[PDB]
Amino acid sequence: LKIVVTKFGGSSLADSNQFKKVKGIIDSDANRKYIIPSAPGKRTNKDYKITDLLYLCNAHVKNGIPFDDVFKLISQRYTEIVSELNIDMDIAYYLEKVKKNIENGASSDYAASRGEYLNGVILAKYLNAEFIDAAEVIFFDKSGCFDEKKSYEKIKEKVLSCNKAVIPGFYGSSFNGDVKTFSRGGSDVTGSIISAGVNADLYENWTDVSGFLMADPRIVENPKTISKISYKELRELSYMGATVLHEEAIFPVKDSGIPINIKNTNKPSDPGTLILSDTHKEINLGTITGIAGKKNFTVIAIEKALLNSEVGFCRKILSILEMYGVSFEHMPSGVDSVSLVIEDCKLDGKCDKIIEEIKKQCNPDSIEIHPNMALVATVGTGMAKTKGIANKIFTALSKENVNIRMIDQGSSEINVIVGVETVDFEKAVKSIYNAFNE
């Protein structure tokens, strides 16, 4: 039958109760064959986080001290869990071995990866599934990059040959056989990898929210869930940037046609958003997929006599922005003028020196600054390229009496970006949603 592969995040394994939710989800569908765990999430704001505490042990070892006070809390964390779940195992055998390894000079990467490992070994028992260490099945190369062709070969050999298997998350083996952890991707990528390697049908990604929403729920009331979403589509929304699964995490799935379903461990019935492939997603005829804005931006408007004739005028301008840790969002231009739209935190403090260097090299006539802009990105495949689709957005914004301060449509076929006064941000986003939902 179908081969679904599941990952559960920190919030899904914060304590014993969540684990019961995970067991529930797993034996509620026999096709949930493969399970990838994160390390226990914080259960309250001021709670300590395991992985961090692990690193800290390694710090004691670098510093030539015991870390017995620290490792108490770890074992304490993990013994309460396997106790409350009343599981037939001796977790100390695992903890005790980890402690030793660390104080006998284990790498940081080894140290911090044990949060996922321990959850792995617990879950294999608790869910009656074969435990398969990551270090056996995921491999890196000489530079430090993910060796694809090998890992999958191994996955097919070791993982798809099991009926039900747990596979810990956040790490694999380095070229030299020693434990290497991912730098970007967390337990999500390892989930994607496994799916790729097993040729899974679905990769369920279990979190604490029932998919993604069409808009910010603080702003719009009771906003629809995004039934379906392409990768390119999602990427556009990710940047602007709604709290959504990052590109880093899903590159292995992307090559093959493996759909991801974002799902909620605390409301499993709730259907997900279903992140499809570009050529695997259909195209709803003239419609919005999502609306995602970010506040706090400032434009640097640069009027210059025949700016259009001379070459390298702009090249000089962002050679200067490269000279600091400051990226630009957009470079809207006119006939003999050009702007730079730049986020405020990215500009914080540095602003002043930058205006001077451009004045030296480029030699404009006017150089003003106008802050208090926000950006609203409205995204969808079906607006690519529908008639009057930007006009529909401007009609909306006209009805709410809100002055437009930037338009970009042209950067991307599935995306119109509108820039407006920061006061009007929430008003705009509202207006555009209503425009497309009855």
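The first residue of the shown sequence is 1; numbering continues from there.
For the pair 138 to 146 and 189 to 197, the mean Cα B-factor is higher in 138 to 146. Two stretches are in play, 365 to 373 and 24 to 32, and the higher mean C-alpha B-factor belongs to 365 to 373.
Annotation for 114, 77, 263, 316: 316 ranks highest, by Cα B-factor. Per the PDB record, 241 has a higher Cα B-factor than any other of 268, 241, 290, 272. In this PDB entry, residue 321 carries a Cα temperature factor that places it within the highest third of its chain's modelled residues. In the PDB entry, residue 223 places in the middle third of its chain by CA B-factor. Ranked within its chain, residue 434 lands in the middle third, by CA B factor from the PDB record.
Residue-level temperature factors show residue 38 in the lowest third of its chain, judged at the C-alpha atom. When the CA B factors of the chain's modelled residues are split into thirds, the value for residue 156 lands in the highest one.
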